[PDB]
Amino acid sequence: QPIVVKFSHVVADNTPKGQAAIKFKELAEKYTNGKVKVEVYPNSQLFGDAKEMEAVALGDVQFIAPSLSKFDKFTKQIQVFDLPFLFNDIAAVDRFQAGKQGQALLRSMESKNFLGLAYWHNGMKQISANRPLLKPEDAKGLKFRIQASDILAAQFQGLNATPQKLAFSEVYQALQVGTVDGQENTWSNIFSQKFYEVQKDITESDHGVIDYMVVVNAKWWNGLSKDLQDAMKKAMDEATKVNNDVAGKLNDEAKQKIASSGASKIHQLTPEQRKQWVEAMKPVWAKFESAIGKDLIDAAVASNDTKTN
């Protein structure tokens, strides 16, 4: 009777998270000599956004890797990752995650019996709708789908737009029948879930990030025999390295496919347009500073590094 272990997520197989979870499966089975069988369930086939945390708590799923925007019901510290324009680029996000404060966040939910094993990457968020979004004013009066995050809701409220919380699996349909006008996501997600086919203008804003925390039930994980836990720990580290190697290329490749399709128009901001977007979104920070903790915010800010000039 081999031990069945299930890994659930909401994205497609051909994605930074999807490819990493498949690597994890392959390696955990190898390193346990077949004693463990990993079943991977992509595209919300087993659980989606709304239920995966509960599934982990009850033992219906062993591994998940939610966006870092989806934890504000469990802690008020991880929501630091949602502050718009906090990180200039993916390199700053990774430096922050690797430092003391970023690594501390993996343990931020231990009192609720959740444990983060690793961070996985996706990429930078782009914004889209059915009209060009070149300046923040263009967003006024539009409905935007958002992940279930208080800071993302405030971010759109601040643009005098209307956020709407929806589960990832429901976004395409919402955009397709017009119950929402726009959204923010990474190129990888925008291509693989076909948002580009129902959004005619996408702006390369790079105004936030979608990255992930690999989460387990702490009690379950810590109760495993030393030999099984080491095997799976080895598999996880190696899957995390695949994720770090493929995330960038997969997003670049997605962007190109969207562009080549002709179905959407990709817009590039200029310095003055971008600077405007920054000003229009920064007040959100002051609203959440006390809840997050200024020091954590300052450490994130400091993770940015710009070459001279």
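Residue numbers run from 1 along the displayed sequence.
A summary of the deposited B-factors shows that, of 230-238 and 168-176, the stretch with the larger mean C-alpha value is 230-238. Stretches compared: 159-167, 188-196. Higher mean C-alpha B-factor in the entry: 159-167. Comparing the C-alpha B-factors of 243, 43, 273, 256 in the entry, the top value falls on 273. When the Cα B-factors of 20, 11, 300, 286 are read from the PDB record, 286 comes out highest. Among all modelled residues in its chain, residue 181 ranks in the middle third by Cα B-factor. For residue 72, the recorded CA B-factor ranks within the lowest third of the chain. Only modelled residues enter the ranking. Ranked against the other modelled residues of its chain, the C-alpha B-factor of residue 210 as given in the entry falls in the lowest third. Residue 125 sits in the lowest third of its chain by CA B factor, as recorded in the PDB entry.
Sort the chain's modelled residues by C-alpha temperature factor and residue 147 lands in the lowest third, per the entry.
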